[PDB]
Amino acid sequence: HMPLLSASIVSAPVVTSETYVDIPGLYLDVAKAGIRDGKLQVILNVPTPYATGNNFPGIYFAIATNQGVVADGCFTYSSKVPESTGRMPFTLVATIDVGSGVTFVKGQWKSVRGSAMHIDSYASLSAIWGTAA
Amino acid sequence: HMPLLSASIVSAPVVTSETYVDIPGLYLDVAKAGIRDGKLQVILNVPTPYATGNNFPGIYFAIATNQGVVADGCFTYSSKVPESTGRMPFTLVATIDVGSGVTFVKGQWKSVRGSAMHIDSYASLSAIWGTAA
Amino acid sequence: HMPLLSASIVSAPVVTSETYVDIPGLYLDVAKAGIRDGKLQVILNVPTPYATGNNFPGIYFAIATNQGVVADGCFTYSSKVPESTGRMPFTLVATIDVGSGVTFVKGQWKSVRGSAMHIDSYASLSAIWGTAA
Ligand SMILES: C[C@@H]1O[C@H](C#Cc2ccc(C(C)(C)CN)cc2)[C@@H](O)[C@H](O)[C@@H]1O
Ligand SMILES: C[C@@H]1O[C@H](C#Cc2ccc(C(C)(C)CN)cc2)[C@@H](O)[C@H](O)[C@@H]1O
Ligand SMILES: C[C@@H]1O[C@H](C#Cc2ccc(C(C)(C)CN)cc2)[C@@H](O)[C@H](O)[C@@H]1O
């Protein structure tokens, strides 16, 4: 199979969430590609996000499979209410064993301290497929 | 062919530009490597840039081919005139079909709100070649 | 061999250092995997670091082999003493010739202006192995 997988978006809804929720469009269907084992290096690339809020805003991002979150991180501003919420590039890299029950990979996000989360431009979820055989 | 491509620099000129312009040295010649089809996962990695200016400075970065920009994003500061313009790591990831007429990939940049753009250390443009055959 | 290598951590010690020192756990043993030539695309992904200090704090990060640093960069805050030291995602990408004497790859860090360096969540060092043969 093509060993490179990719999904990209030019925007997402403006979301406020206390729990991880799917970023629509950042989804790789691994099972649909016939990939049932080996490893995937997965990159979640959100180069131009921002967060608005009243209390040191930010966004948690995760890579999740059907089995749940495999990796996560966040950016946060260094002011309680920034003068202007600047664009804070974010990248997350994880390697996943597909033989462990993985059928899909997706990007998720969750609010820091009740922030509104913003993706209004290019963002991507990428994967490279490696096998030992 | 080697499926890993890479170009790196330790500096660029200080540029002010209203339009995307080439970051000298961040250029992959795909055609020269004999790669005429398949997909390239391309990473533009500018880990230590800064921007100076008078109006919430920042830099737009793009991945471009001979056919134009395929992906772009930016970082911006959260103050009109930051006390000190800190280093703002930036990464951009895109996957490109080479069979669509691609002969080269390059990194580009453009000013946010008339910023001077600064790369004065390591930066890289990387690609991994994948084929379905 | 599996062409994907990966090491990840959920925390590191709090370190103050004027010199590059190893981030424990971010280490790929290339020689142990039987990889004695070709190229490695290496990604150091520290999505959620922060630095505390008195003088525009930050962290230098490097990719190093047994032969020393191959690439480095940093993030820094734009205030002398930030109100709150926010999370500053950081990614570094380098491609390395393994035939040049490389047996391991590791992530390193060093203080900016006497900062305490913080990793208290997921971080990763990843590599994809490419050969021309
Ligand atoms: C919330 C504010 O958003 C503004 C923007 C933007 C913007 C994002 C993306 C683009 C692409 C070229 C990547 C897509 N067309 C272009 C403009 C910032 O300038 C401010 O600092 C601040 O964060
Ligand atoms: C504009 C100012 O630039 C200063 C720098 C730097 C600097 C960059 C790169 C390096 C490498 C090790 C990566 C290359 N040698 C070392 C020092 C910052 O400390 C300030 O916060 C601020 O942004
Ligand atoms: C120093 C302060 O650290 C705080 C944090 C955090 C935190 C980091 C990681 C997580 C994961 C979900 C990724 C891991 N569980 C969750 C909370 C920030 O909110 C402040 O802005 C500020 O930087």
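The table that follows gives values for the structure above.
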read-out	value
Charge sum, other residues only, whose C-beta stays under 15 Å from B:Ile59's C-beta, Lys/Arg counted +1 and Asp/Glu -1	0
Space enclosed by the convex hull of the alpha-carbon atoms of chain A, per residue, Å³	88
Cα-centred dipole magnitude for the protein assembly as shown, charges only on beta-carbon of K, R (+1) and D, E (-1), debye, nearest 20	80
Shielding score for B:116-125, defined as the mean number of other chain Cβ atoms within 10 Å	3
Derived scalar couplings ³J(HN,Hα) [the range C:38-46; Karplus, 6.51 cos²θ - 1.76 cosθ + 1.60; whole Hz; x for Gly, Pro]	x, 10, 10, 7, 10, 10, 9, 10, 10
Burial ranking of peptide ranges C:41-53, A:119-131, B:26-38 (average Cβ count within 10 Å, highest at the top)	C:41-53, A:119-131, B:26-38
Inter-copy separations for A:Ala133, label at 7 Å along Cα-Cβ, nm, ascending	2.5, 2.5
Test item: A:42-53 mean partner chain Cβ contacts at 10 Å	4
Peptide C:75-82, shielding by other chains (average Cβ, 10 Å cutoff)	6
Prolate/oblate/rounded label for the protein assembly as shown (Cα gyration tensor, a/c 1.5)	rounded
Listed pairs A:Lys106/B:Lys39; B:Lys39/B:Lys106; B:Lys110/C:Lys39 exceeding 23 Å between Cα atoms	B:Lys110/C:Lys39
Debye, to nearest 20: dipole size of chain B, +1 on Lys, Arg Cβ, -1 on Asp, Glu Cβ	60
Chain A, relative contact order [Cα under 8 Å, separation at least 6], %	46
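Ideal geometry is used to build each Cβ from the backbone, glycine not excepted, and the neighbour counts take in all protein chains shown. No lab work stands behind these numbers, since they all come straight from the coordinates.
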